[PDB]
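Chemist: Chains as they are written, first to last, in the entry's author numbering: chain B, 1 to 238; chain A, 1 to 238. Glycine included, each C-beta is placed from N, C-alpha and C at the ideal position. Encoded as structure tokens, here's the structure I'll be asking about.
Protein chains: 2
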Amino acid sequence: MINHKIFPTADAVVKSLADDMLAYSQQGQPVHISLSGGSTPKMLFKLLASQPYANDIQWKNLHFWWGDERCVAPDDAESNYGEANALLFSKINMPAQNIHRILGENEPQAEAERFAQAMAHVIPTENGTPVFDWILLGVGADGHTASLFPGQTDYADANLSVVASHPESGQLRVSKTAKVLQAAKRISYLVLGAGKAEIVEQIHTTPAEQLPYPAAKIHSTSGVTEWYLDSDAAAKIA
Amino acid sequence: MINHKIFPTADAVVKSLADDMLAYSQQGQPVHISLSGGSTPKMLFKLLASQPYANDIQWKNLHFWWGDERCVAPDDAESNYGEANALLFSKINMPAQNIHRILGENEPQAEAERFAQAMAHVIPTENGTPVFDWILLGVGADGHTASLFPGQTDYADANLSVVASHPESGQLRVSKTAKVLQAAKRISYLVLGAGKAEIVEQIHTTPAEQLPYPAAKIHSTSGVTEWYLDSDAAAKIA
Numbered sequence: 001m002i003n004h005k006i007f008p009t010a011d012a013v014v015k016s017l018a019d020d021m022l023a024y025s026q027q028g029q030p031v032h033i034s035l036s037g038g039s040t041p042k043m044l045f046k047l048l049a050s051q052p053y054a055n056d057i058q059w060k061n062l063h064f065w066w067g068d069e070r071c072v073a074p075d076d077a078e079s080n081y082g083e084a085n086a087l088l089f090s091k092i093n094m095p096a097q098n099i100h101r102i103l104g105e106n107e108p109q110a111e112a113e114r115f116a117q118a119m120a121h122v123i124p125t126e127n128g129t130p131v132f133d134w135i136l137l138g139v140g141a142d143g144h145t146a147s148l149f150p151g152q153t154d155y156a157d158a159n160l161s162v163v164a165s166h167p168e169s170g171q172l173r174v175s176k177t178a179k180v181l182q183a184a185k186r187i188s189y190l191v192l193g194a195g196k197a198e199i200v201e202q203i204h205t206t207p208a209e210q211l212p213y214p215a216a217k218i219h220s221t222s223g224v225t226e227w228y229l230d231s232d233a234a235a236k237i238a
Numbered sequence: 001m002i003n004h005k006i007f008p009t010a011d012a013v014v015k016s017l018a019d020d021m022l023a024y025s026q027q028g029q030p031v032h033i034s035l036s037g038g039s040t041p042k043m044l045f046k047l048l049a050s051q052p053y054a055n056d057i058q059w060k061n062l063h064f065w066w067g068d069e070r071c072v073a074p075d076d077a078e079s080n081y082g083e084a085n086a087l088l089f090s091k092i093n094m095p096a097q098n099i100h101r102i103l104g105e106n107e108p109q110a111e112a113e114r115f116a117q118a119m120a121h122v123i124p125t126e127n128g129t130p131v132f133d134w135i136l137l138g139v140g141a142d143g144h145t146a147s148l149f150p151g152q153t154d155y156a157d158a159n160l161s162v163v164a165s166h167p168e169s170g171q172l173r174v175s176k177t178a179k180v181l182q183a184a185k186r187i188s189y190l191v192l193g194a195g196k197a198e199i200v201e202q203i204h205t206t207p208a209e210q211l212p213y214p215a216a217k218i219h220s221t222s223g224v225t226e227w228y229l230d231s232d233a234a235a236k237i238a
């Protein structure tokens, strides 16, 4: 199933995400959630750290993992974990073991392997692949998602993680592979702002086969693939 | 906000709707639902009458109304209520008082007025207009919804209901007006099958002001407007 949601504002998108985080936490069983970094996740973290979310969300039932992470120390300005910690985790009461950071300070190939083994060990699996309850994703102006970049992504990668490099900066990242995104119950591309209007129009109107964009090609095989836009991102299609 | 959902099968569409019907019923308070007739509602009624829905849905909390009704006796083949009753109501335990049919056997104008007063009396209002929790809508091959037909719909009608005549047969209907649809918390256009692919593509790609279709023009003002499609109806856009 595919679900496209167009909200009037970025704030409305983030509220809807926060409401879902709360609902997940009330279910009772562990919920494994994969986090992206960037401007929309930043907004989400700030709302989640505020009342009444900070108090009402049952953080003990939620597990945070990362769809990708920059290979820098967790206190570096470019750490996804570091930003989530600064805006959210340091402001709430959540079991430390429910936060599953990628070790960006470590040798990346061995870290990708440790990260993959942790996912497979902790998260319920289907055919050996961890099944996320929810993966939050970005879409770059180049169509990338997590750190799966156009022209670098092996869609038949059987591993659960990969070391990839940013195509412009050469920065190393540890990323989930497409396989893990495809295995998830629900993945949600959070695509906000005028800056994304053009790529939205391309993905919306063009067969995925004709595009080089990982975000256009990767969907949950048997679950839900969602596109969250605000009116600015949707301005060319709605 | 606008929500588009594309499901792989008609069964999956109606499953999603029945799950929502269940959840609505579990809030220990009245939920006002407006029903359309036609193939998809038909499928929904059969599912609602099956296990586990027949027994688990708290029918005492749901109130059913009609977005439109054919001005025929309730046991006539052409009655929307009559079909809902044959497929669902006669198979479940639901208070008679919770089923608010349009009296299709009666003089249509005085019936439109009775229907209007009945909605205004018991459904919480906003600026005088009853606010439906959920309105299920069809979209005809001509773009009509409820019994609001292209070229014959007064989008500025301040009344809550209207007598309409089918443009082909002259058959009389009592319909909600556009105003009631626009005031609802949630309206959901249920558009299934290859027969709808062409008009799905037209509504999808053309500004509503350039289209004569009521279903292209009518949305919830401050709530959710949804389009539920199957792969077949989405074939020209996805």
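Output, in chain order, the set of chain B residues within a Cβ distance shorter than 9 angstroms of residue 5(A).
Modeler: By one-based count along the second sequence, residue 5(A) stands at place 5. Simply 1, 2, 3 and 4.
Chemist: In three-state terms, what does DSSP make of residue 69(A)?
Modeler: Position 69 of the second sequence holds residue 69(A). If DSSP states are grouped into helix, strand and coil, residue 69(A) belongs with the strands.
Chemist: Using 8 angstroms as the Cβ pair cut-off and three pairs as the minimum, do the stretch 2 to 14 of chain A and the stretch 155 to 175 of chain B touch?
Modeler: As far as the Cβ criterion goes, the stretch 2 to 14 of chain A does not touch the stretch 155 to 175 of chain B, which means the pair count is below three.
Chemist: Compare the Cα-Cα distances from residue 194(B) to each of 210(B), 94(B), 232(B) and 141(B) and report the closest residue.
Modeler: Counted from its first residue, the first sequence places residue 194(B) at position 194. Ranking the options by Cα distance to residue 194(B), first place goes to 232(B).
Chemist: For a contact meaning CB atoms closer than 9 angstroms, what does residue 12(B) contact in chain A?
Modeler: Translated into positions along the first sequence, residue 12(B) becomes position 12. Under the 9 angstroms cutoff, chain A gives 1.
Chemist: Could you pull out every residue in the same chain whose Cβ sits closer than 7 angstroms to the Cβ of residue 58(B), ignoring the five residues on either side in sequence?
Modeler: Indexing the first sequence from 1 puts residue 58(B) at position 58. The residues are 25 and 26.
Chemist: To the nearest angstrom, how far is it from the Cα of residue 23(A) to the Cα of residue 159(A)?
Modeler: Walking along the second sequence from the start, residue 23(A) turns up at place 23. Walking along the second sequence from the start, residue 159(A) turns up at place 159. Going from the Cα of residue 23(A) to the Cα of residue 159(A) covers about 31 angstroms.
Chemist: Short of 8 angstroms in beta carbon distance, which residues of its chain neighbour residue 15(B), apart from the five on each side in sequence? Order them along the chain.
Modeler: Along the first sequence, one-based indexing puts residue 15(B) at 15. The residues are 47.
Chemist: Within 10 angstroms of its Cβ, does residue 205(A) collect 16 or more other Cβ (buried), or is it exposed?
Modeler: Mapped onto the second sequence, residue 205(A) falls at position 205. Exposed: under 16 other Cβ atoms inside 10 Å.
Chemist: Taking contact to mean at least 3 C-beta pairs separated by less than 8 angstroms, is the stretch 174 to 192 of chain A in contact with the stretch 128 to 136 of chain A?
Modeler: Flag = yes, the stretch 174 to 192 of chain A and the stretch 128 to 136 of chain A touch.
Chemist: Could you tell me the distance, in whole angstroms, from the CA atom of residue 212(A) to the CA atom of residue 67(A)?
Modeler: By one-based count along the second sequence, residue 212(A) stands at place 212. By one-based count along the second sequence, residue 67(A) stands at place 67. Residue 212(A) and residue 67(A): Cα-Cα distance of roughly 20 angstroms.
Chemist: If you run the structure through DSSP and keep just helix, strand and coil, what is residue 133(B)?
Modeler: Here residue 133(B) refers to the residue found at position 133 of the first sequence. Residue 133(B): coil per DSSP, three-state reduction.
Chemist: Could you tell me how far apart the beta carbons of residue 50(A) and residue 136(A) are, in whole angstroms, since I believe they sit closer than 8 angstroms?
Modeler: As a position in the second sequence, residue 50(A) is number 50, starting the count at 1. As a position in the second sequence, residue 136(A) is number 136, starting the count at 1. That belief does not hold up - the Cβ atoms of residue 50(A) and residue 136(A) are roughly 18 angstroms apart, past 8 angstroms.
Chemist: Answer yes or no: do residue 30(B) and residue 63(B) have a C-beta to C-beta separation smaller than 8 angstroms?
Modeler: For the purposes of this step, residue 30(B) is taken as residue 30 along the first sequence, with counting starting at 1. For the purposes of this step, residue 63(B) is taken as residue 63 along the first sequence, with counting starting at 1. Cβ atoms of residue 30(B) and residue 63(B): closer than 8 angstroms.
Chemist: Expressed to the nearest angstrom, what Euclidean distance is found between the alpha-carbon atoms of residue 154(B) and residue 179(B)?
Modeler: By 1-based counting over the first sequence, the position of residue 154(B) is 154. By 1-based counting over the first sequence, the position of residue 179(B) is 179. Going from the Cα of residue 154(B) to the Cα of residue 179(B) covers about 10 angstroms.
Chemist: Please report the distance separating the alpha-carbon of residue 209(B) from that of residue 1(B).
Modeler: On the first sequence, residue 209(B) is found 209 positions in, with the first residue counted as 1. On the first sequence, residue 1(B) is found 1 positions in, with the first residue counted as 1. About 19 angstroms.
Chemist: Give me the chain B residues within the contact set of residue 30(A), using Cβ-Cβ distance strictly less than 7 angstroms, ordered along the chain.
Modeler: As a working mapping, residue 30(A) is identified with position 30 in the second sequence. None at all; the shortest Cβ gap to chain B is about 23 angstroms.
Chemist: With distance defined between alpha-carbon atoms, name the residue in 83(B), 39(B) and 65(B) nearest to residue 122(B).
Modeler: As a position in the first sequence, residue 122(B) is number 122, starting the count at 1. Comparing Cα positions, the closest option is 65(B).
Chemist: Determine which residues share a DSSP beta bridge with residue 123(B) and list them.
Modeler: Taking the first residue of the first sequence as 1, we reach residue 123(B) at position 123. Its beta-bridge partners do not exist; DSSP assigns none.
Chemist: Going by C-alpha distance, which of 106(A), 152(A), 176(A) and 156(A) is nearest residue 167(A)?
Modeler: Here residue 167(A) refers to the residue found at position 167 of the second sequence. For the residues 106(A), 152(A), 176(A) and 156(A), the minimum Cα distance to residue 167(A) belongs to 152(A).
Chemist: To test your reading of the DSSP string, which unbroken alpha helix (DSSP H) runs of 4 or more residues are found completely within the stretch 125 to 191 of chain B?
Modeler: Entirely contained in the stretch 125 to 191 of chain B, the alpha helix (DSSP H) runs reaching 4 residues are, in chain order, 178 to 183.
Chemist: List, in order along the chain, the chain B residues whose C-beta lies closer than 8 angstroms to that of residue 8(A)?
Modeler: For the purposes of this step, residue 8(A) is taken as the residue at position 8 of the second sequence. In chain order: 1.
Chemist: With distance defined between alpha-carbon atoms, name the residue in 149(B), 72(B) and 139(B) nearest to residue 111(B).
Modeler: As a working note, residue 111(B) is residue 111 in the first sequence. For the residues 149(B), 72(B) and 139(B), the minimum Cα distance to residue 111(B) belongs to 72(B).
Chemist: Would you tell me roughly how many angstroms separate the C-alpha atoms of residue 226(B) and residue 188(B), rounded to the nearest one?
Modeler: Position 226 of the first sequence, counted from the first residue, corresponds to residue 226(B). Position 188 of the first sequence, counted from the first residue, corresponds to residue 188(B). So the alpha carbons of these two residues sit roughly 4 angstroms apart.
Chemist: Just the C-alpha distance for residue 149(A) and residue 196(B), rounded to the nearest angstrom, thanks.
Modeler: Mapped onto the second sequence, residue 149(A) falls at position 149. Mapped onto the first sequence, residue 196(B) falls at position 196. Looking at the two C-alpha atoms, the distance is approximately 37 angstroms.
Chemist: Are the Cβ atoms of residue 175(A) and residue 161(A) separated by less than 8 angstroms?
Modeler: On the second sequence, residue 175(A) is found 175 positions in, with the first residue counted as 1. On the second sequence, residue 161(A) is found 161 positions in, with the first residue counted as 1. It is a contact, given that the beta carbons lie within the stated cut-off.
Chemist: What beta strand (DSSP E) runs, 3 residues minimum, are completely inside the stretch 27 to 108 of chain B?
Modeler: The qualifying runs are 31 to 35, 62 to 66 and 68 to 70.
Chemist: Can you tell me which of 163(B), 89(B) and 157(B) puts its alpha carbon nearest to the alpha carbon of residue 60(B)?
Modeler: As a working mapping, residue 60(B) is identified with position 60 in the first sequence. Among 163(B), 89(B) and 157(B), the Cα nearest to that of residue 60(B) is on 89(B).
Chemist: Spatial neighbours of residue 101(B) within its chain, please: CB distance less than 6 angstroms, with the 5 preceding and 5 following residues excluded, ordered by chain position.
Modeler: Position 101 of the first sequence, counted from the start, is the residue given in the question as residue 101(B). Here the set comprises 81.
Chemist: So what does residue 115(A) bridge to, in DSSP terms?
Modeler: Residue mapping note: residue 115(A) aligns to position 115 of the second sequence, counting from 1. BP columns for residue 115(A) are empty, so no partner.
Chemist: Could you check which residue in 142(A), 105(A) and 97(A) has the C-alpha nearest to that of residue 79(A)?
Modeler: On the second sequence, position 79 is the one that residue 79(A) refers to. Considering only alpha carbons, the answer is 105(A).
Chemist: Buried or exposed for residue 207(B), going by 16 or more other Cβ atoms inside 10 Å?
Modeler: For the purposes of this step, residue 207(B) is identified with residue 207 of the first sequence, where counting begins at 1. Looking at its Cβ environment, which holds fewer than 16 other Cβ atoms inside 10 Å, residue 207(B) is exposed.
Chemist: Should residue 230(A) and residue 192(A) be called a contact, given that it needs their Cβ atoms to be closer than 8 angstroms?
Modeler: Residue mapping note: residue 230(A) aligns to position 230 of the second sequence, counting from 1. Residue mapping note: residue 192(A) aligns to position 192 of the second sequence, counting from 1. In this structure, residue 192(A) lies closer than 8 angstroms to residue 230(A) by Cβ.
Chemist: What's the C-alpha gap between residue 103(B) and residue 118(B)?
Modeler: Reading the first sequence from its first residue, position 103 is the one you call residue 103(B). Reading the first sequence from its first residue, position 118 is the one you call residue 118(B). Cα to Cα, residue 103(B) sits roughly 12 angstroms from residue 118(B).
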